[PDB]
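Structure first, then comments.
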Amino acid sequence: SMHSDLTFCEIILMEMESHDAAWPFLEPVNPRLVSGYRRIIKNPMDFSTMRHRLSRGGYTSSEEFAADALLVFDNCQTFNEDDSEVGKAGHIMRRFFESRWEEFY
Ligand SMILES: CCc1c(-c2csc(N3CCN(Cc4cn(CC(N)=O)nn4)CC3)n2)[nH]c(C)c1C(C)=O
């Protein structure tokens, strides 16, 4: 299970999941709702996957956790136009995360 040294990561993820711009990223990108995603995006990532991985002890380091958070936003800007609703949400959430991360590093 999760080492207590990563509790601050657990809290950042909780706060991201609560954010009103987080809705595109709560669960894996869903083939029932969009086609051609994994055709382009070789490493999908979403907050639920991160939440379960963190809780079961699947992250060793905060940097590994942060890399997955940035992967969410990088995938978003790869697939989505910047002025689309999801594309804008990714930019908001990247700002939100980088701000929380800077409080610690
Ligand atoms: C656009 C796909 C995408 C999502 C995403 C997550 S979730 C979601 N969608 C939720 C369901 N809606 C329709 C709908 C509305 N309602 C409520 C009602 N009042 O009916 N129910 N279904 C359509 C879009 N898209 N995330 C990412 C990162 C994406 C991409 C391409 O990168």
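Counting starts at 1 for both ligands and their atoms, in listed order. All residue numbers refer to positions in the sequence shown, counting from 1. What you see below is based on every heavy atom in this structure, not just the backbone, and it leaves out hydrogens, waters and symmetry mates.
- In this structure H3 satisfies the side chain to side chain contact (heavy atoms under 4.5 Å, CB included) test together with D5, sequence neighbours excluded.
- If you check the side chains of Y59 and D68, you find a donor sitting under 3.5 Å from an acceptor.
- Linking ILVMFWY side-chain heavy atoms closer than 4.5 Å, directly or via other members, places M16 and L26 in a single hydrophobic cluster.
- Figure legend: cation-pi geometry between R95 and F97 absent, as NZ or CZ is not positioned both under 6.0 Å from the six-membered ring centre and within 45° of its axis.
- Around ligand 1, the residues contributing at least one heavy atom under 4.0 Å from the ligand are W23, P24, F25, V29, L33, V34, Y37, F79, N80, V86.
- Considering only heavy atoms from C-beta on, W101 stays 4.5 Å or farther from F96 through its side chain.
- Looking at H19, its side chain never comes within 3.5 Å of a backbone N or O of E15 through a donor-acceptor pair.
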